[PDB]
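Novice: an experimental structure, sequence included, is below.
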Amino acid sequence: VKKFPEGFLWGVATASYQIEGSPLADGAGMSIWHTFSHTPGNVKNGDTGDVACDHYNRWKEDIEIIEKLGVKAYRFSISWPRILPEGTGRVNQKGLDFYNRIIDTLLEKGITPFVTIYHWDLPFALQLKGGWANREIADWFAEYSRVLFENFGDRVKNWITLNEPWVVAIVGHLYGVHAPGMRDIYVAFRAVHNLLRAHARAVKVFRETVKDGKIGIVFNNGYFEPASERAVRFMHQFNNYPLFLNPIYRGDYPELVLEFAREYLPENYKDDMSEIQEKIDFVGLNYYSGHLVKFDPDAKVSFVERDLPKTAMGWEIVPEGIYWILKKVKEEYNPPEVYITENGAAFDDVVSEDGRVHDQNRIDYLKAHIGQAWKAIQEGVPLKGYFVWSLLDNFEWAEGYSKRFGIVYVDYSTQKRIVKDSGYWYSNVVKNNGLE
């Protein structure tokens, strides 16, 4: 068998825009995902978060699903514009009350809430003032974070400032594939820098307001490998946790990031670094794929396709990556606690005639990664928890509804939920506190 440590947090994870729907209910402000997805051409099939999983109405049943599966932790995010419809200033009690009911219900059911403060749905009102490009966002974010800590910090004790700030900066502001949909390298690196400043201000305010809780930050990571016998050292440093953890722990950007990007960063960016070093309580690492990488003169890096099995996203399934990245983070920065805050896969799920969803492919994926996580714990990585992405099939950003990541199938025509075989399988893992 593979038993995990006593008290290991087995979890599932969601994000507000991907599941909630009703983006403008109860006096909520527009988010940048509302405006981006309503812009023709930005999202597959013109899909939006208008309805999604209708979790804004079905939240109680969904938590009853988490309970019934015996899952011990739930990572969810708060929609900033439901809380402060203009981004700053006015606080919306109906928005607070939506999340209050969720927190109380989870607590009554003995499920530990992990709250993501920012999972990509910036208030549109702040994007009009440049969003992550504007240095003043460190102030706006701190004021928002402060509201959350004052309102929920008596019950919620585990907080995440930012979800995947590499994605927010680069996919949102360089690639233009995510909200706000821009393609300017200078803006993208100023967003990187402001994301760190905003993260650090929120942690500062947390220490002053929630003296008994823990706060951290979540990064996306690939497992990168060379096509021959350095483009790999760059990909690690740029795409993975070092872009942010080098500032947080060491007070500067990693070496190859500066070679590539010094021109695009603010001129006096080091002036901010002392504040960016604000102590964090844990690191969340997300992981789903590995990549073969080569220097290509035509960022000076391209990917090489490998004949390996791939998910419906076309992402190569490389389970040892989750082990590598956990080892590497202890090796590089030795954070006191690590959580895998996101791991999962998209497959072309169908409901069989028997009424079930036979996603053996997703069981194989989860088992292989959970096994590697186990390994890292055996070799002394202080992994305290593991979150499957996702509880529910949901709005997959620019792919819309065409990609299903849930351990629970959602029939969008009816909003029926059908626990997939992977959901039943994972529930058994949780009950036994590991594999066999």
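Specialist: Cool, got the structure. Numbering: from 1, shown residues only.

Novice: now do the SS call for the residue nearest to residue 39 when sequence neighbours are not counted.
Specialist: Distance criterion CB to CB, 6 or more residues apart in numbering; nearest residue to residue 39, sequence neighbours excluded, is residue 181 at 7.3 Å. Using the backbone N, CA and C atoms, a C-beta is placed for each residue, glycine as well. Following DSSP: H, G, I helix; E, B strand; the rest coil, residue 181 is assigned to coil.

Novice: let me see the contact set for the nearest residue to residue 389 once chain neighbours are set aside.
Specialist: Distances taken as CB to CB, 6+ apart put residue 344 closest to residue 389, at 3.7 Å, once the chain neighbours are dropped. Contact partners of residue 344, counting by CB atoms under 8 Å, 6 or more residues apart in numbering, are 288, 362, 365-366, 388-390, 405, 407.

Novice: ok but residue 308 is inside a helix, no?
Specialist: No. Checked against three-state DSSP, residue 308 lies outside a helix; its state is coil.

Novice: is the spatially most central residue of the chain bridged to anything, and to what?
Specialist: In the chain, the residue lying closest to the centroid (CA atoms, centre = their mean) is residue 163, at 4.1 Å. Counting by DSSP bridges, residue 163 forms beta bridges with residue 218.

Novice: what's the span of stretch 247-267, first residue to last?
Specialist: End-to-end distance for stretch 247-267: 16 Å, by CA to CA, to the nearest Å.

Novice: related to what we said a few turns ago, does the residue nearest to residue 39 touch residue 36 like I think?
Specialist: Yes. Contact criterion CB atoms under 8 Å: residue 181 and residue 36 qualify, at 5.5 Å.

Novice: of those two, who's got more company?
Specialist: Between residue 181 and residue 36, residue 36 has the larger neighbour count (other CB atoms under 10 Å), namely 24 against 19.

Novice: OK, contacts around the more buried one?
Specialist: So residue 36 contacts 42-43, 178-181 (CB under 8 Å, 6+ apart).

Novice: kindly recompute the last result at 6 Å.
Specialist: Neighbouring residues of residue 36 by CB atoms under 6 Å, 6 or more residues apart in numbering: 42, 179, 181.

Novice: got it, and residue 427?
Specialist: By CB under 6 Å, 6+ apart, the contact list for residue 427 reads 69-70.

Novice: again, but for residue 77
Specialist: Residue 77 is in contact with 15-16, 116, 119, counting by CB under 6 Å, 6+ apart.

Novice: can we see that at 7 Å?
Specialist: Residue 77 makes contact with 15-16, 116, 119, 163, according to CB atoms under 7 Å, 6 or more residues apart in numbering.

Novice: these: which two are farthest apart?
Specialist: Spatial extent of the contacts of residue 77 (CB to CB) is set by the pair 16 and 163 at 10.4 Å.

Novice: between the two, what contacts are shared?
Specialist: Listed as contacting both residue 16 and residue 163 by CB under 7 Å, 6+ apart are 77, 119.

Novice: picking up where we left off before, what touches both of residue 181 and residue 36?
Specialist: Shared contacts of residue 181 and residue 36, counting by CB under 7 Å, 6+ apart, come down to residue 42.

Novice: for this protein, longest helix please?
Specialist: Secondary structure of the chain read by DSSP state H shows that its longest helix is helix 185-209.

Novice: count the residues that sit near the nearest residue to residue 46 once chain neighbours are set aside.
Specialist: Closest residue to residue 46 apart from its sequence neighbours, by CB to CB, 6+ apart: residue 40 at 6.6 Å. Look at residue 40: counted by other CB under 10 Å, it has 7 neighbours.

Novice: gap between residue 40 and residue 356?
Specialist: Distance, residue 40 to residue 356, by CB to CB, to the nearest Å: 37 Å.

Novice: next, the buried residues of stretch 230-243.
Specialist: Counting neighbours by 16 or more other CB atoms under 10 Å, one finds that the buried residues in stretch 230-243 are 231-232, 234-243.

Novice: got it, and stretch 334-349?
Specialist: Residues of stretch 334-349 classed as buried by neighbour count (16+ other CB under 10 Å): 335, 338-347, 349.

Novice: in JSON lines: those, plus secondary structure and distance to residue 419.
Specialist: Output for the buried residues of stretch 334-349, formatted as JSON lines (DSSP: H, G, I helix; E, B strand; the rest coil; distance: CB to CB, whole Å):
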{"residue": "335", "secondary structure": "coil", "distance to residue 419": "34"}
{"residue": "338", "secondary structure": "strand", "distance to residue 419": "29"}
{"residue": "339", "secondary structure": "strand", "distance to residue 419": "24"}
{"residue": "340", "secondary structure": "strand", "distance to residue 419": "22"}
{"residue": "341", "secondary structure": "strand", "distance to residue 419": "22"}
{"residue": "342", "secondary structure": "strand", "distance to residue 419": "20"}
{"residue": "343", "secondary structure": "strand", "distance to residue 419": "19"}
{"residue": "344", "secondary structure": "coil", "distance to residue 419": "15"}
{"residue": "345", "secondary structure": "coil", "distance to residue 419": "17"}
{"residue": "346", "secondary structure": "coil", "distance to residue 419": "17"}
{"residue": "347", "secondary structure": "coil", "distance to residue 419": "15"}
{"residue": "349", "secondary structure": "coil", "distance to residue 419": "12"}
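
Novice: how many other residues sit next to residue 89?
Specialist: For residue 89, the tally of surrounding residues (other CB under 10 Å) stands at 10.

Novice: what sits against it?
Specialist: The contact partners of residue 89, by CB under 7 Å, 6+ apart, come to none.

Novice: same check, this time on the one 3 residues further on
Specialist: Neighbouring residues of residue 92 by CB under 7 Å, 6+ apart: 27-28, 82-85.

Novice: against residue 323, how distant is it?
Specialist: Using CB to CB, residue 92 is found at 43 Å from residue 323.

Novice: repeat for residue 12
Specialist: Remark: distance between residue 12 and residue 323 (CB to CB) = 22 Å.

Novice: looking at these two, which one has more neighbours?
Specialist: Using other CB under 10 Å as the criterion, residue 12 and residue 323 rank with residue 12 on top: 29 against 20.
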